[PDB]
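Novice: Pasting a structure below so you can have a look.
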Amino acid sequence: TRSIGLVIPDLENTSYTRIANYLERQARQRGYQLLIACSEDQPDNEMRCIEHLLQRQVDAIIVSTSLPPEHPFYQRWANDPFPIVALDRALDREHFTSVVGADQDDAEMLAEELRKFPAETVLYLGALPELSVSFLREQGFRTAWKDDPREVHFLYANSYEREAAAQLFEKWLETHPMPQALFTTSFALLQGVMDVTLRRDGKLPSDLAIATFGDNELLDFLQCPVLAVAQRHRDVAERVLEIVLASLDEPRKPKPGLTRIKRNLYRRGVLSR
Amino acid sequence: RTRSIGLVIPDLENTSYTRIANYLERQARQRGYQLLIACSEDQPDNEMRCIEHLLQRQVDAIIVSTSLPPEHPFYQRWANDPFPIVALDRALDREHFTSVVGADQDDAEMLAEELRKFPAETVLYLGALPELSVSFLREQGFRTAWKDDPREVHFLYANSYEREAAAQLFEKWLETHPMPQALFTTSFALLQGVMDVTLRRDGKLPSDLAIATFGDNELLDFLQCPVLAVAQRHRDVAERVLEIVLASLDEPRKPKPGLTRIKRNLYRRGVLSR
Ligand SMILES: COc1cc(O)c(C(=O)c2ccccc2)cc1S(=O)(=O)O
C-alpha cells in the first residue's frame, strides 16, 4: 500500500510532533504515506493501534512502545521480515533496530557546562530514579561532577510532573536554602520549581544557573543563565525512515540493536545576549 | 467504504493545527476511521497534489485548511458532488461546501471588551496586513467595543504576522510615542516582538501593562502583568468537524452548506492566574 505506520503516545508532546513533521515531509518525499495512531500511552490502546494498522496492510510500523521492550506481543514479529523500528523507546535489542537518545552523554554535556557556574548550593531535581532515562541521566551528571569538591543534593519526585515538583521543592526549602545551580531532568520539573520561586520571590530568578532537559524558546526572556538540551528533531526522523526503507527495499535487513543521536545544547536567558 | 478520512493542513509545526489534528485522530479512531495526514506546506500547488494522492487512497472524505481563496475553480470539480469535503479554519465556497471556522470578529470584540476594564490611558492596537479578511474582522470587533470609549487608541500595523517585524515597528513607534499602558495584539508572534523591545529597553518584562492577545501559551502565567489570551476550542472544533464528515456520509443529504463559527476560549494569565 506504500504506507508506513507511527504509533506514538499522542500528537501533543512537542518532541513527537516535530519529528512527525520532518517525517511527513520526508515520507511524501519518497511517495510513502504516514498513518499516525496514538496510544495515549496506554498498552491496551497501542496493542489495538498496531492491530488496526496490520489490517490496513501497512508495509512498516515505527513505534514508541508503551509495553516492555521484551514482551510476548512484539516477540510475534521477533523473527519476521515485517519491519518494526523503535523510536525513543527501545525494543528487544537482538531482534529490532531502535533509534534512541544519548541521554547519558547528553546529561554529562549539560552538567559539565553547569559546573562552571560559581554556585555553592547545587540541587539536582529528577524523578523515578529506578527508571532508565532517570538513571542514565544521573550517571551523566555524576561523570562530570565526579571529582568536583561541591556536595550536590539530589531530590527525586514521584513523577515527571510540575505539581509534584512544586511540593517536593517547597518542602525541601524548609530545611535547605535556595540553590544557586539547578539541574532538572524534565522541563515539566523546572516549571514546578519556577511556580514556587514566583510565589516566594515575587519574581522569577535573575541570579541562578538553570540547566534542564527539554527546551522552550521563551526561556530567552529569563534574566538568568539557562542551559537546555533538545533533540535533533530532523536528524532523528531521517534515521527512523532510512531504517524502514532499508528493510523494505533491500535484501540485507539492518542489523538489530540501538543507535543514538545526541541532543543539541542551547544558551537561553542572559546567555542569548 | 475504506473507513479513512484525509486531512490536508499547512504544517505540523503550528500548535493550532497539531492540537486540532491530535483530537481529530482520537475522535476518528473512536468512531472507527483512520486519519491520513498530508501537509501542503501552505503552497497552493502542493495542496492540489495532496488532494489527488488522498483520492487515490480512496478516503471517504477529506478535511482541508485551504490555501486557495474561496470559490477558487480547482474546488469546483466537487462543487455539487455527494462526496463530502469539509473545510477547516479557512473557508471554501460557501455555496457548496461546509466550513468549520472561527468567529474572529466575535472573539476580538469580547477580548477587547475585557481589556477596557483596566485603567489604562494609552492603548496601542498592534496588528498586521489590515486589508486581509482576518485582520479586518478582528479590528472590526475591537472598534465595536471601544466605540464610545473616550480614550485614544493608536493603531499600528505591520507588514507581516511575524516577531522581527513587530520589534522594529514598535521601537520606531516609541521614538515619537509614549509607552502604552494597554496592548492589543492579533497574534502571539506580534506580542513576542513587543516583549523583545520591552526587555531590551526596561531590562525586564513589565508588570503594569495590561495585555490581550490572540494565541495562547500556558507560560504566560509567569508574567506579573495582567494577561488575556484567546485560543480555539480545539476539542470542540475537532468534534464538530467530524460530526459533519459523518453526517455527510451517514445521513441522506449533506448538511446546509456554508459557515458555522466557533468562539475561542478566554484564559486569564500573568497575575490573573493567581
Ligand atoms: C494558538 O492560538 C491561535 C493563534 C492564532 O494567531 C491563530 C490564527 O488563526 C492566525 C490568524 C492570523 C495570523 C496568524 C495566525 C489561531 C490560533 S488557535 O486556532 O489555536 O486558537
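Identifiers for the C-alpha cells are assigned positionally: chains receive A, B, ... in sequence, residues are indexed from 1 per chain, and ligands are indexed from 1 in the order shown.
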Residues within 6 Å of ligand 1 should be enumerated using only C-alpha atoms and all ligand atoms and returned as a list in words.
Specialist: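 My answer, listing the contacting residues, is residues 16, 161, 187, 214, 215, 216, 231 and 232 of chain B.
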Novice: Please produce a file of the residues just selected, as a PDB file, in the first residue's frame, where the atoms kept are N, CA and C atoms.
Specialist:
```pdb
ATOM      1  N   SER B  16      -1.689  25.282  16.690  1.00  0.00           N
ATOM      2  CA  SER B  16      -3.122  25.202  16.458  1.00  0.00           C
ATOM      3  C   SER B  16      -3.460  23.907  15.720  1.00  0.00           C
ATOM      4  N   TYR B 161       2.715  39.077   9.877  1.00  0.00           N
ATOM      5  CA  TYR B 161       2.403  38.495  11.174  1.00  0.00           C
ATOM      6  C   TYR B 161       3.645  37.778  11.701  1.00  0.00           C
ATOM      7  N   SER B 187      -1.849  38.485  17.182  1.00  0.00           N
ATOM      8  CA  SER B 187      -1.155  37.208  17.155  1.00  0.00           C
ATOM      9  C   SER B 187      -0.079  37.175  18.234  1.00  0.00           C
ATOM     10  N   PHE B 214      -4.230  37.432  20.740  1.00  0.00           N
ATOM     11  CA  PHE B 214      -4.640  36.206  20.081  1.00  0.00           C
ATOM     12  C   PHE B 214      -3.492  35.208  20.178  1.00  0.00           C
ATOM     13  N   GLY B 215      -3.838  33.923  20.269  1.00  0.00           N
ATOM     14  CA  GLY B 215      -2.865  32.897  20.599  1.00  0.00           C
ATOM     15  C   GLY B 215      -2.760  32.715  22.107  1.00  0.00           C
ATOM     16  N   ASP B 216      -2.313  31.525  22.522  1.00  0.00           N
ATOM     17  CA  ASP B 216      -2.239  31.182  23.930  1.00  0.00           C
ATOM     18  C   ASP B 216      -0.964  30.386  24.188  1.00  0.00           C
ATOM     19  N   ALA B 231      -7.924  31.305  22.582  1.00  0.00           N
ATOM     20  CA  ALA B 231      -7.490  30.161  21.798  1.00  0.00           C
ATOM     21  C   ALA B 231      -8.698  29.321  21.400  1.00  0.00           C
ATOM     22  N   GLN B 232      -8.574  28.624  20.266  1.00  0.00           N
ATOM     23  CA  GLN B 232      -9.655  27.808  19.742  1.00  0.00           C
ATOM     24  C   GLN B 232     -10.023  26.726  20.752  1.00  0.00           C
TER      25      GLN B 232
END
```
Novice: Select, as a ChimeraX atom specification, those residues of chain A with any atom no more than 9 Å from chain B (distances computed using only C-alpha atoms).
Specialist: /A:1,10-12,14,17-18,20-22,24-25,28,33-38,52-53,191,194-195,198,202-204,218,221-223
Novice: Between A:55, A:97, A:3, A:65, which is the closest to residue 259 of chain A once you count only C-alpha atoms?
Specialist: A:97
Novice: Find, counting only C-alpha atoms, the residue in B:249, B:28, B:8, B:259 that gets nearest to residue 60 of chain B.
Specialist: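 Under the stated criterion, the closest residue is B:249.
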Novice: Considering only C-alpha atoms, return as a ChimeraX atom specification whatever protein or nucleic-acid residues lie within 12 Å of residue 251 of chain B, sequence-local ones (same chain, fewer than 6 positions apart) excluded.
Specialist: /B:82,84,243-245
Novice: Residues within 9 Å of residue 118 of chain A, please, as an mmCIF file with N, CA, C and O atoms, in the first residue's frame. Count only C-alpha atoms; anything in the same chain fewer than 3 positions from it doesn't count.
Specialist:
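Result file follows (selection_31.cif):
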```cif
data_model
loop_
_atom_site.group_PDB
_atom_site.id
_atom_site.type_symbol
_atom_site.label_atom_id
_atom_site.label_comp_id
_atom_site.auth_asym_id
_atom_site.auth_seq_id
_atom_site.Cartn_x
_atom_site.Cartn_y
_atom_site.Cartn_z
ATOM 1 N N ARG A 115 28.609 23.244 35.709
ATOM 2 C CA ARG A 115 29.586 23.166 36.782
ATOM 3 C C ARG A 115 30.446 24.430 36.809
ATOM 4 O O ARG A 115 30.910 24.837 37.874
ATOM 5 N N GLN A 180 21.770 27.759 43.923
ATOM 6 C CA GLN A 180 22.397 28.715 43.026
ATOM 7 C C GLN A 180 22.716 28.045 41.689
ATOM 8 O O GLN A 180 22.973 28.729 40.700
ATOM 9 N N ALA A 181 22.709 26.706 41.673
ATOM 10 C CA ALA A 181 22.722 25.928 40.444
ATOM 11 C C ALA A 181 21.598 24.897 40.508
ATOM 12 O O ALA A 181 21.351 24.317 41.565
ATOM 13 N N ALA A 209 21.838 29.717 37.972
ATOM 14 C CA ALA A 209 22.215 28.925 36.813
ATOM 15 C C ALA A 209 21.256 27.745 36.690
ATOM 16 O O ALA A 209 21.317 26.813 37.488
#
```
Novice: Please provide the set of residues having any atom within 12 Å of residue 236 of chain A, restricted to only C-alpha atoms, with same-chain residues fewer than 4 positions apart removed, written as a PyMOL selection string.
Specialist: chain A and resi 15-16+18-23+26+86-88+98-102+230-232+240-243+259-264
Novice: Fewer than 3 positions away in the same chain doesn't count, so skip those; otherwise give me all residues within 9 Å of residue 120 of chain B, counting only C-alpha atoms, as a VMD selection string.
Specialist: chain B and resid 116 to 117 123 151 180 to 182 209 to 210
Novice: Please run DSSP on the backbone and report, as a ChimeraX atom specification, all residues within segment 32-273 of chain A that come out as helix (DSSP H, G or I).
Specialist: /A:43-54,74-76,103-115,132-144,162-175,187-201,217-221,233-248,270-272
Novice: Name the residues in contact with residue 137 of chain B at a cut-off of 6 Å, using only C-alpha atoms, excluding same-chain residues fewer than 3 positions from it; report them as a VMD selection string.
Specialist: chain B and resid 105 134 140
